[PDB]
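Remarks on the structure that follows.
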Amino acid sequence: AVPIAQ
Amino acid sequence: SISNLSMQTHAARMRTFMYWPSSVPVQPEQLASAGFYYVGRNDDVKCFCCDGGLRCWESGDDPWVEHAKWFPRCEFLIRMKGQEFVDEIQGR
Ligand SMILES: [Zn+2]
């Protein structure tokens with residue numbers, strides 16, 4: 001999985 | 001400090017996965033246990049503690065592993081899995 005960009 | 005207190009309990013997190021897409025290759029139980037709740041679109045989830053969000057889950061992904069990979073300093077992560085687990089993941 002990858003980070004939800006902020 | 002806890003980012004989202006309404007999501008502190010496993011039961012409350014599980015509830016948010018009511019409309020978790022069945023097409024996603026990761027089970028809601030595992031995400032809920034790793035501290036994640038469903039944001040409500042696609043496969044986006046957040047940790048109630050560190051507020052880290054993850055998306056684009058892939059077959060074989062492990063919620064705790066990803067939690068420790070991307071957010072190694074989460075207090076919930078450390079409390080549940082232990083520092084050794086985190087360090088071990090980071091060491092890959
Ligand atoms: Zn976290």
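Simple scheme: letters A, B, ... for chains in structure tokens order, numbers from 1 for residues in each chain, numbers from 1 for ligands in the order shown.
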*With a distance threshold of 6 Å and counting only C-alpha atoms, extract the residues of chain B near chain A and express them as an MDAnalysis selection string.*
chainID B and resid 53:57
Any chance you can output those residues with N, CA and C atoms as a PDB file, in the first residue's frame?
ATOM      1  N   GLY B  53      -2.533   7.565   6.628  1.00  0.00           N
ATOM      2  CA  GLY B  53      -3.501   6.999   5.717  1.00  0.00           C
ATOM      3  C   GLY B  53      -2.799   6.147   4.670  1.00  0.00           C
ATOM      4  N   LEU B  54      -3.438   5.056   4.267  1.00  0.00           N
ATOM      5  CA  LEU B  54      -2.874   4.175   3.255  1.00  0.00           C
ATOM      6  C   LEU B  54      -3.922   3.894   2.184  1.00  0.00           C
ATOM      7  N   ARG B  55      -3.465   3.693   0.948  1.00  0.00           N
ATOM      8  CA  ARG B  55      -4.349   3.374  -0.168  1.00  0.00           C
ATOM      9  C   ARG B  55      -3.659   2.455  -1.171  1.00  0.00           C
ATOM     10  N   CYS B  56      -4.409   2.005  -2.171  1.00  0.00           N
ATOM     11  CA  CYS B  56      -3.896   1.104  -3.199  1.00  0.00           C
ATOM     12  C   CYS B  56      -3.336  -0.178  -2.620  1.00  0.00           C
ATOM     13  N   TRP B  57      -4.108  -0.828  -1.754  1.00  0.00           N
ATOM     14  CA  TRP B  57      -3.715  -2.105  -1.152  1.00  0.00           C
ATOM     15  C   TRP B  57      -3.480  -3.137  -2.276  1.00  0.00           C
TER      16      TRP B  57
END
Could you list, as a tab-separated table (two decimals) with N, CA and C atoms, in the first residue's frame, all protein and nucleic acid residues with an atom at most 10 Å from ligand 1, counting only C-alpha atoms and all ligand atoms?
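Writing the result to part25.tsv gives the following:
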chain	number	residue	atom	x	y	z
B	2	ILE	N	-4.17	11.28	20.42
B	2	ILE	CA	-4.86	10.41	19.47
B	2	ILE	C	-5.57	11.28	18.43
B	3	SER	N	-5.27	11.05	17.16
B	3	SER	CA	-5.89	11.83	16.09
B	3	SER	C	-7.42	11.74	16.07
B	34	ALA	N	-5.32	-3.49	12.90
B	34	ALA	CA	-4.07	-2.75	12.80
B	34	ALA	C	-4.31	-1.26	13.07
B	35	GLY	N	-5.53	-0.93	13.48
B	35	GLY	CA	-5.83	0.43	13.91
B	35	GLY	C	-6.45	1.30	12.84
B	36	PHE	N	-6.72	0.72	11.67
B	36	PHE	CA	-7.25	1.48	10.56
B	36	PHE	C	-8.77	1.50	10.54
B	46	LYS	N	-7.42	5.17	7.48
B	46	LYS	CA	-6.57	5.94	8.38
B	46	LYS	C	-6.42	5.26	9.73
B	47	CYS	N	-5.30	5.53	10.38
B	47	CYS	CA	-5.07	5.10	11.76
B	47	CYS	C	-5.72	6.09	12.73
B	48	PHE	N	-6.43	5.59	13.73
B	48	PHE	CA	-7.12	6.47	14.67
B	48	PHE	C	-6.11	7.17	15.57
B	49	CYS	N	-4.91	6.60	15.66
B	49	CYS	CA	-3.86	7.11	16.53
B	49	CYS	C	-2.92	8.08	15.81
B	50	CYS	N	-2.13	7.60	14.85
B	50	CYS	CA	-1.15	8.47	14.20
B	50	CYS	C	-1.74	9.25	13.02
B	51	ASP	N	-2.92	8.83	12.57
B	51	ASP	CA	-3.60	9.47	11.45
B	51	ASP	C	-2.93	9.21	10.10
B	52	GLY	N	-2.10	8.19	10.05
B	52	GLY	CA	-1.48	7.86	8.80
B	52	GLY	C	-2.55	7.22	7.91
B	53	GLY	N	-2.53	7.56	6.63
B	53	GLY	CA	-3.50	7.00	5.72
B	53	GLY	C	-2.80	6.15	4.67
B	64	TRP	N	-0.44	-4.58	9.41
B	64	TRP	CA	0.57	-4.26	10.41
B	64	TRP	C	1.95	-3.99	9.80
B	67	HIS	N	1.76	-0.69	8.26
B	67	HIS	CA	1.68	0.31	9.32
B	67	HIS	C	3.09	0.62	9.82
B	68	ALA	N	3.87	-0.43	10.03
B	68	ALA	CA	5.22	-0.28	10.55
B	68	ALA	C	6.19	0.23	9.48
B	70	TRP	N	5.39	2.38	6.91
B	70	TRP	CA	5.15	3.78	6.59
B	70	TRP	C	5.04	4.70	7.81
B	71	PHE	N	4.61	4.17	8.95
B	71	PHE	CA	4.45	5.01	10.13
B	71	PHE	C	5.06	4.38	11.38
B	72	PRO	N	6.39	4.16	11.35
B	72	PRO	CA	7.09	3.39	12.39
B	72	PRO	C	6.99	4.00	13.78
B	73	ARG	N	6.57	5.25	13.87
B	73	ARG	CA	6.52	5.89	15.17
B	73	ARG	C	5.12	5.98	15.79
B	74	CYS	N	4.15	5.29	15.20
B	74	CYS	CA	2.80	5.29	15.75
B	74	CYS	C	2.78	4.63	17.12
B	75	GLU	N	2.21	5.32	18.11
B	75	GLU	CA	2.21	4.81	19.47
B	75	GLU	C	1.35	3.56	19.62
B	76	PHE	N	0.27	3.50	18.85
B	76	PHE	CA	-0.61	2.34	18.86
B	76	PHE	C	0.14	1.15	18.27
B	77	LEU	N	0.81	1.41	17.15
B	77	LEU	CA	1.63	0.39	16.49
B	77	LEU	C	2.62	-0.19	17.49
B	78	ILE	N	3.35	0.69	18.16
B	78	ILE	CA	4.38	0.26	19.10
B	78	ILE	C	3.77	-0.47	20.30
*Might you pull out every residue within 10 Å of residue B:42, with only C-alpha atoms counted and same-chain residues fewer than 6 positions away left off, and present them as a ChimeraX atom specification?*
/B:19-21,23-24,55-56
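Of note, atom CA of residue B:39 and atom CA of residue B:7 are spaced 11.3 Å apart.
From atom CA of residue B:5 back to atom CA of residue B:44, the distance works out to 18.5 Å.
All residues of chain B that DSSP, run on the backbone, classes as strand (DSSP E) are residues 36, 37, 38, 45, 46, 47, 53, 54 and 55 of chain B.
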